[PDB]
Amino acid sequence: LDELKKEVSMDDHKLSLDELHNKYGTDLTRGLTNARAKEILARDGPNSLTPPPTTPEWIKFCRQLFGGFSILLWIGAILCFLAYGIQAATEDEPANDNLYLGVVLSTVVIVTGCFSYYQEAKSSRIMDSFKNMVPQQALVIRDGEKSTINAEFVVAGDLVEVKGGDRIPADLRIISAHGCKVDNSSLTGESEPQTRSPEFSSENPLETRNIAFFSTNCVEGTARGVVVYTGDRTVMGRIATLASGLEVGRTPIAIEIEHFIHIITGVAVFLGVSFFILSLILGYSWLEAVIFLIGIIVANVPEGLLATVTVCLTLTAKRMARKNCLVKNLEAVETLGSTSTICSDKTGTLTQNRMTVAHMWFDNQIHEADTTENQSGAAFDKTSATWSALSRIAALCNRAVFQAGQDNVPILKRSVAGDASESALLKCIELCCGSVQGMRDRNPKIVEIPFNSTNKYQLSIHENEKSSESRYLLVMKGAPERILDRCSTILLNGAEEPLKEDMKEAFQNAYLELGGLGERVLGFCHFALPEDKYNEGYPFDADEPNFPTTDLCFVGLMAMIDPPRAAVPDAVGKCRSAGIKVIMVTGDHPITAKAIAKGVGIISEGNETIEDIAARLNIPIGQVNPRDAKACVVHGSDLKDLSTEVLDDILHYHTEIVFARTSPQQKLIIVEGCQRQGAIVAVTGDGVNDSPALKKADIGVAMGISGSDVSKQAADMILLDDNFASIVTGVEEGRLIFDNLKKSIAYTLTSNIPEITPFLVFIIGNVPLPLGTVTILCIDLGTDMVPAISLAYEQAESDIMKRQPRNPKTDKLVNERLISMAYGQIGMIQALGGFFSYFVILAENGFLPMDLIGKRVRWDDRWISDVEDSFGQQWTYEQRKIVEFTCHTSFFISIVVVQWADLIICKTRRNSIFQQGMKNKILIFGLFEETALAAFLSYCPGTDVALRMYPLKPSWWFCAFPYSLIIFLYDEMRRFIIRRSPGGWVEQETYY
Amino acid sequence: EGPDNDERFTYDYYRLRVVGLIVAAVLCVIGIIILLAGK
Amino acid sequence: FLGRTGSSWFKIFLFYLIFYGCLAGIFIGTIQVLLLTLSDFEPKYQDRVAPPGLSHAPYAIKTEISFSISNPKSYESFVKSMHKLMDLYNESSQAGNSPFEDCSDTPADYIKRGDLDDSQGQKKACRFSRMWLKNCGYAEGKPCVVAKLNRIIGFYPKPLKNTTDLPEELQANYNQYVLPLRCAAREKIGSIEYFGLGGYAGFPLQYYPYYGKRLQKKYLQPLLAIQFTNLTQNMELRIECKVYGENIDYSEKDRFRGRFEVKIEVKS
Ligand SMILES: *[C@@H]1O[C@H](CO)[C@@H](O[C@@H]2O[C@H](CO)[C@@H](O)[C@H](O)[C@H]2NC(C)=O)[C@H](O)[C@H]1NC(C)=O
Ligand SMILES: CC(C)CCC[C@@H](C)[C@H]1CC[C@H]2[C@@H]3CC=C4C[C@@H](O)CC[C@]4(C)[C@H]3CC[C@]12C
Ligand SMILES: *[C@@H]1O[C@H](CO)[C@@H](O)[C@H](O)[C@H]1NC(C)=O
Ligand SMILES: [K+]
Ligand SMILES: [Mg+2]
Ligand SMILES: [Tl+]
Ligand SMILES: [Tl+]
């Protein structure tokens, strides 16, 4: 469906003005007829974007109500009402058991539904942001007259007019223009104004001057044009549809959840029906056969687990909110940890998005300035008298000014009225020479010639601030070579000197080096005009050369670029040390893209492209073995004629990849290419041209300050302070939460065994029921909750940023090793500790373990109010039941006591508690509150009716203590083996 | 005692409950103290 | 295979065999020590049987014994259980001076055979003739229910003293030696008739205290036969038999705590 939109567009900028009118039945001068425009409206439809059909929240909520655990809990809830129905008909049961348990279980499903619904959130308003880029109104020429109309009423063929400050209402063929410049950052991510004129200037319509696009704005001048595309058919309207239309897809974390749901659901249905038939064979009435099944359901399903996961995710997202990293989708909290490839935009993401002075060439020396936002570098020069001469030209031969009321904000961050290069120079001098306004007050400008297309230079004449002179100084800047052809002397370390071929060659060298760094280079020179030839009232003519512009003194060079953000180089290296592949994907030109790649460490030192090898060896590129080149730089124009299989080969064959001059669909294609190889991919960006890529990414991260509204709609995560170091933190947090989820899951599952085994022995042994159904819910929904959550606050056991990204095909959240430990080893020890306390309670009340076998028949018989114990005493029905429920209560408390040790062992997968310590305060809180809850549930009056919880005698609490301790020792010995031999036996069997 | 051994079939479940609830409360307070050591 | 190789499948079996073996051996060990802390003659706790329960022979479907006099197999169900109990009180079962003893044919005081020790043989229990149960196949019309006080080791059932007012106000009040049992329903549409030891409507105190199964096997607890020769027919009559005493109490939950709940209906 969207495969059409993933392709490069076709256009009609090649046609003549006249020819273009024939195609759209239009007038170049009079414009369309009121009738013809209305006709075309009904024909083509409105100049608007329609949002894609969404899934209502209704269906979204209910889709969770049927995912494995909820299905089993539904079967339980209904099976409760089943047994209740069968009762209400047969023998009038005045009880509330099956009825209430059926109500409780149905509530558990609904509430669990809210948790998973909260986790599976999708806040997407892509198409809405795009719609915000179409103006409310447009100016059209109809019947030879200009009028403002609803922009939706704009059709292909009419004559539209735009001027500085307004949004392009539709894709236009420029037919007339006067000084028109446009901001195409929507399509390129670059905000430098692009001229628009009627002349065709490139085969590529996205590069030609005679096309203006919807989603962009006119920055200055005026233009008229013929509408060629409207609504969804515009270049960026298609990007809108592509972006808004892209299928979301399941996250890595989501896939893991479903996976263990299958496992646990599997064992649940297995043991469920495996013992349902095992009971009927033993001659159990279907009346009972279902009651046992309900218990089996409740025992096997970890009722509180899915909600635990959600809370652990939420708490991890809260910590990241506190580092200026907003998470829109709870699952995106983990994806960053599983990320193996980052596709990053350059401008406004890796870079500050601001022309900044990078180097200066004066005194036959290359000086480097500090490009960082917060200025974390050092000085270059202050002493040289040459510097002050260059500094003066940079301030004086400059027409840029700071906007009013910025004195509060830092120099480099403040808004400037002017072109990017003049702003850069302004901020450079203001920083290291103080107030520039002061320099422009001490040296009043009397005449100037602003930068001309033809002159290729800008000159200014000022009254020298010096009192002993107060004469006229000439300054000029422009193209380095043009400035050179106008110089005779060079200000070396203070004093001038003739411009010999020697210094002239050093100039060329300096010029070539700076240009090689992808930096824009300017020349600077001045000339102190002779006093006798220029009186204090001498008039200078700016129109006609009234003053010399030759034999001037060359002062120096200055170079500039849109530099990396301070934290970016280090963040890139850190991603790469964690084994994450970092690719650059930018709408910017290749020379600039490549230079920043080396600056931030995308391309490491020494690595070459095929073009680099060819130039170094002075040989044809076809003569170069492409396998000798680990780095590559792909232009979008070449990308366009490559198949995906060939794109896949590029991705496979290079470690250091730069995709430059890419369109928005091309970014999507590169992302998909990476994913196709089985990689989890993150995208980082800030422009509307990142929207499709951000949507398709497993996780999209947008910049918060510099980011466009669209990009932040398309993302899963926002960096609110533009701190790229947050990606590094995000991946670290993502890995940590992945491990801690394992700990929390194992902990929760472990207590399933002591809830399953009592029901089994109840059938096979014919003893009184050791633990009840209600009692199980008091564990999974009550006591285990805070402890399970607390594992989310566990510190790393080792340097997680030192390991490679997990293999999502092999490294699962829940594997066989977890089940073996939780179900086969620790849970089994917990089961016994439960049974022990059960036998203790009964034996101390007169029913010794031996006489318990095959007694349930008489025990449950409501009409036998005289059962004989081991000592020959006789018990009524309600009397023995009180002891039985007291057994449920102590078995319950036994679970809590054995979960103490389990909580401590689940703390660490490898390390010892004596190494990791007990610095998790939430965990300790869990221990205290868990025990408080259990005690309250046993001793609070009335709980014997609502939950069948009975007061325990002090000695009862200590039954499971020896089992709780064996768990601690056992797991500590086991992990001691793991560490002592990384070989594999204990490791490959039990290492979560 | 002999025929007056009524205490043999008696248990102070009332005191046990009072003590049990005291303990539960104090464990609840102790927990808050340790948690609130930083919030 | 599914998971691993044969070598791995073996090792996982050798482990869980030794592992579960140890766990079973430990579990058994903790059961040993538990038993080691317990007496053979007396249970550690008795507060959960404390107030004695009162149970009868007619096995009630739901605290009810409804049947038809004009039908044979209508009551043959209740006669099965009635027979089961009384069959134990046979004279052929009580033979010789061992381990039985002839005790007062009239309600007497308690009998202490020492302590709960094995320092003596089987503590000798009082004989009880089912022949003390006058009038009661059994009552084919108007049932002859048999009451019973639940056995508790070392329990001395103490009758109420005639200090103040009483339900069966002072009638045949053998204050010193009889634990009374008065059945009731207002709703007085019956005819209560009690049979027992010495002809009294109670339990003779000479059968106490019970020394337990280990120290007193073949021991016989006193019975109290109750006959309802009611002149009514074809209606549910809620009859409650209550025992009175210093050590006797009741509960709204446990409807068998020192009392009966019988729903007789001679629907004939
Ligand atoms: C306990 O006493 C009952 C009294 O009914 C015995 O029942 C006797 O059963 C036999 C054989 O079935 C009959 O011939 C008699 O008529 C019954 N009564 C008597 C008085 O002998 C019963 O057998 C006795 N049980 C034991 C174990 O001795
Ligand atoms: C109540 C009692 C009788 C039930 C005992 C169940 C035992 C036999 C179960 C419980 C947990 C189970 C193990 C759980 C995990 C694994 C790892 C997997 O890669 C192979 C199977 C294996 C090794 C299972 C084998 C059987 C097992 C040990
Ligand atoms: C009980 O049986 C005796 C004979 O043993 C008889 O005289 C008497 O009438 C019976 N009593 C009643 C109330 O039927
Ligand atoms: K995404
Ligand atoms: Mg950008
Ligand atoms: Tl469970
Ligand atoms: Tl659990």
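What the deposited record gives as its method is X-ray crystallography, and the resolution it gives is 3.45 Å.

### Some remarks on the pattern of salt bridges
Residues and elements named next belong to chain A. Enumeration according to the criterion identifies 60 salt bridges over all chains in this entry. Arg806 is paired through a salt bridge with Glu256; the nearest N and O atoms lie 2.7 Å apart. With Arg806 in the loop between α30 (785–790) and α31 (816–844) and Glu256 in helix α9 (residues 252–281), this residue pair connects regions lying 550 residues apart in the sequence. Here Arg471 ties to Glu469 by a salt bridge, and the two come within 2.9 Å at their closest N and O atoms. When its relative accessible area of 10% is taken as the criterion, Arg471 is described as buried. Its relative accessible area of 26% is what places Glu469 among the partly exposed residues. Beyond isolated ion pairs, a larger network of salt bridges with shared partners links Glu288, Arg856, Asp860, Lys881 and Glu884.

### As for the site of ligand 1
All names here are of chain C. All residues in the neighbourhood of ligand 1 are listed as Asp87, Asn90, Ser92 and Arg130. The separation between a nitrogen atom of ligand 1 and a polar side-chain atom of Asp87 is 2.7 Å. Calculation on ligand 1 without its partners gives an accessible area of 570 Å², and the protein chains cover 24% of this total. Of the residues belonging to the shell around ligand 1, the class tally is no nonpolar, 2 polar and 2 charged.

### A look at the interface of chain C and chain A
On the side of chain A, 43 residues touch chain C, which itself brings 48 residues to the contact. Of the roughly 4000 Å² buried where chain C meets chain A, counting both sides, 57% is carbon and sulfur surface. Residue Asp47(C) pairs with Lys953(A) through a salt bridge whose shortest N-O separation is 3.3 Å. Linking chain C to chain A there are 19 residue pairs in polar contact. At 14 residues, helix α1 (residues 6–36) of chain C tops the list of elements feeding residues into the side of chain C that touches chain A. A per-class count over the side of chain C that touches chain A returns 25 nonpolar, 10 polar and 13 charged.

### Description of the state of the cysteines
For the coordinates displayed, the defined rule picks out 3 disulfides over all chains. Between the sulfur atoms of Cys103(C) and its disulfide partner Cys126(C) the distance amounts to 2.0 Å. Looking along the S-S bond of the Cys103(C)-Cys126(C) disulfide, the torsion reads about -90 degrees, which is the left-handed sense. In this pair, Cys103(C) is assigned in the loop between β2 (100–101) and β3 (125–126) and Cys126(C) in strand β3, connecting sequence segments 23 residues apart. Disulfide pairing places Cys136(C) opposite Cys144(C) at an S-S distance of 2.0 Å. The S-S bond linking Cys136(C) to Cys144(C) shows a torsion near -65 degrees; that makes this disulfide left-handed. Of the two residues examined, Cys136(C) and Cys144(C), each falls in the buried class. The closest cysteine sulfur to the non-disulfide-bonded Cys397(A) is located on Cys525(A), 8.5 Å from its own sulfur. Of the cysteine sulfurs around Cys428(A), a residue in no disulfide, the closest is that of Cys432(A), at 4.7 Å.

### Some words on the sheet that holds strand β21 (residues 631–635) of chain A
Residues and elements named next belong to chain A. Within the open sheet, the 8 strands sit side by side as β8-β25-β24-β23-β9-β20-β22-β21. Their pairing is mixed. Each having just a single partner strand, β8 (325–327) and β21 make up the two edges of the open sheet. Across the sheet, the mean angle from the axis of one strand to that of its neighbour is 20 degrees, orientation sign disregarded. Relative to strand β22 (residues 656–660), strand β20 (residues 581–585) is paired through 2 bridges, and the arrangement is parallel. Directly across from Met584, in β22, lies its bridge partner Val658.

### Comments concerning the coordination of the magnesium ion (ligand 5)
Residue and element names in this part refer to chain A. At this site the magnesium ion (ligand 5) is bound by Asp345 (OD), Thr347 (O) and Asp686 (OD), with donor distances of 1.9 to 2.0 Å. When the donor residues of the magnesium ion (ligand 5) are listed from N- to C-terminus, their spacing reads D-x1-T-x338-D. Of this pair, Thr347 sits in helix α13 (residues 346–350) while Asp686 is found in the loop between β23 (681–685) and α25 (691–696), placing the two residues 339 residues apart along the sequence. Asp686 gets classed as buried once you look at its relative accessible area, which sits at 9%.

### Re the UniProt feature "binding site: Mg(2+) 5" (unreviewed entry) in chain A
Residue and element names in this part refer to chain A. Residues annotated by UniProt as "binding site: Mg(2+) 5" (unreviewed entry) correspond here to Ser751, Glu755 and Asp780. For the annotated residues, spread through 30 residues, the largest C-alpha to C-alpha distance comes to 10.1 Å, consistent with a single compact locus. Turning to its location among the elements, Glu755 is positioned in helix α28 (residues 753–765). The residues touching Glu755, leaving out its near neighbours within four places in the chain, are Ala299, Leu771, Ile776, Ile779 and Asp780.

### Observations regarding the UniProt feature "binding site: ATP 1" (unreviewed entry) in chain A
All names here are of chain A. Mapped onto this structure's residue numbering, the UniProt feature "binding site: ATP 1" (unreviewed entry) falls at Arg209, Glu422, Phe451, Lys456, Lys477 and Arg520. A maximum C-alpha distance of 27.5 Å shows the annotated residues, which cover 312 residues in sequence, to be distributed over more than one spot. With respect to the helices and strands, the residue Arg520 is situated in strand β18 (residues 520–528).

### Points about the coordination of the potassium ion (ligand 4)
The coordination sphere of the potassium ion (ligand 4), as far as protein atoms go, consists of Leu694(A) (O), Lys695(A) (O), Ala697(A) (O) and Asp716(A) (OD), spread over 2.7 to 3.0 Å. For the potassium ion (ligand 4), the donor residues sit on a single chain with the sequence spacing L-K-x1-A-x18-D.

### So, the UniProt feature "transmembrane region" (unreviewed entry) in chain B
Sequence positions flagged by UniProt for "transmembrane region" (unreviewed entry) are, in local numbering, residues 13–38 of chain B. Taken as a whole, residues 13–38 of chain B contains 88% helix and 0% strand, while its terminal C-alpha atoms sit 39 Å from one another.

### Concerning the interface of chain A and chain B
Listed as interface residues are 18 residues of chain A and, on the opposing side, 14 residues of chain B. Here chain A meets chain B over a buried area of about 1500 Å², counting both sides, of which 77% is carbon and sulfur. It is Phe928(A), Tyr939(A) and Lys953(A) that lose the most area in chain A upon contact with chain B, and together they represent 35% of the buried surface on that side. Run the count over chain A and chain B and you get 0 salt bridges. Between chain A and chain B we count 1 residue pair in polar contact in total. Of the residues forming the side of chain A that touches chain B, the biggest block, 11 residues, is contributed by helix α36 (residues 921–939) of chain A.

### Side note on the nonpolar core
Among the nonpolar cores identified, the biggest contains 174 residues, and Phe260(A), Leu813(A) and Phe892(A) are the most heavily contacted of them. The biggest single contributor to this core is α31(A), with 16 residues. Leaving out residues up to four positions away in the same chain, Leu813(A) has contacts with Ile253(A), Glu256(A), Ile257(A), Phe260(A), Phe738(A), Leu741(A), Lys742(A), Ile745(A) and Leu818(A). In terms of nonpolar packing, the next biggest core, distinct from the first, is built from 58 residues, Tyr138(C), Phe195(C), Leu197(C) and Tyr207(C) among them.

### Section: the domain arrangement of chain A
When the domains of chain A are assigned, the result is domain 1 (1–46 + 126–245), domain 2 (63–116 + 246–339 + 725–992), domain 3 (340–352 + 564–724) and domain 4 (353–563). Placing the centre of domain 1 of chain A and that of domain 2 of chain A at their C-alpha centroids yields a distance of 63 Å.

### Examining the packing of helix α34 (residues 877–905) of chain A against α36(A)
Axis angle and axis distance: for two packed helices, these are the angle between their axes and the distance between the axes, and together they describe the pair. Residue and element names in this part refer to chain A. Interhelical geometry of α34 versus α36 gives an angle of 175 degrees and a closest axis separation of 11 Å. Looking at the two axes, α34 sits roughly antiparallel to α36. Facing α34, whose interface residues are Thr889, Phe892, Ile893, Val896, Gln899, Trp900, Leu903 and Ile904, α36 presents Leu923, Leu927, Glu930, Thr931, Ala934, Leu937 and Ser938. Looking at the contact of α34 with α36 residue by residue, the class counts come to 10 nonpolar, 4 polar and 1 charged.

### Re a nonpolar patch on the surface
On the surface, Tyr14(B), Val18(B), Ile22(B), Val26(B) and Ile30(B) cluster together into a nonpolar patch covering about 470 Å² of accessible area. Positionally, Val26(B) belongs in helix α1 (residues 13–35).

### Quick word on unusual backbone geometry
With the exception of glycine, most residues fall at negative phi, and the peptide bonds are largely trans. The omega torsion across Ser98(C) and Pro99(C) is -5 degrees, close enough to zero to call that bond cis. Among the structural elements, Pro99(C) can be located in the loop between α2 (76–86) and β2. The omega torsion across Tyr208(C) and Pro209(C) is 0 degrees, close enough to zero to call that bond cis. Structurally, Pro209(C) can be placed in the loop between β7 (202–204) and β8 (223–228). The backbone of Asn766(A) shows a phi angle near 60 degrees, a positive value even though the residue is not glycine. Mapping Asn766(A) onto the fold places it in the loop between α28 and α29 (773–783). A positive phi angle is found at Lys39(B), which is not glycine, with a value near 70 degrees.

Definitions and limits used
Residues numbered from 1 in each chain as written, not as in the entry; some residues may be left out. Chains lettered and ligands numbered in written order. Heavy atoms only, no water. Salt bridge = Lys/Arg side-chain N within 4 Å of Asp/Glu carboxyl O. Helix = DSSP H or I, 4+ residues; strand = E, 2+ residues; numbered from the N terminus. Buried < 20%, exposed > 50% of the residue type's maximum accessible area, 1.4 Å probe, protein only. Near = heavy atom within 4 Å. Polar contact = N/O pair within 3.5 Å; in protein donor to acceptor, adjacent residues only side chain to side chain. Areas by Shrake-Rupley, 256 points an atom, 1.4 Å probe, with all protein chains shown as cover. Nonpolar A, V, L, I, M, F, W, Y, C, P; charged D, E, K, R; others polar. Contact = heavy atoms within 4.5 Å. Buried area = accessible area lost by both parts, 1.4 Å probe. Disulfide = S-S within 2.5 Å. Pairing = 2+ DSSP bridges. Axes fitted to C-alpha atoms, helices over the stretch in contact; angles between N-to-C directions. Donors = N, O, S within 2.8 Å, 3.2 Å for Na, K, Ca; no water. UniProt positions renumbered as here; feature names shortened; annotations may be inferred. Core = buried A, V, L, I, M, F, W, Y, C linked by side-chain atoms within 4.5 Å. Domains from an automatic or database assignment. Parallel < 35°, antiparallel > 145°, perpendicular 65-115°, else oblique. Patch = residues over 30% accessible without salt bridge, like charges linked within 9 Å, V, L, I, M, F, W, Y side chains within 5 Å.

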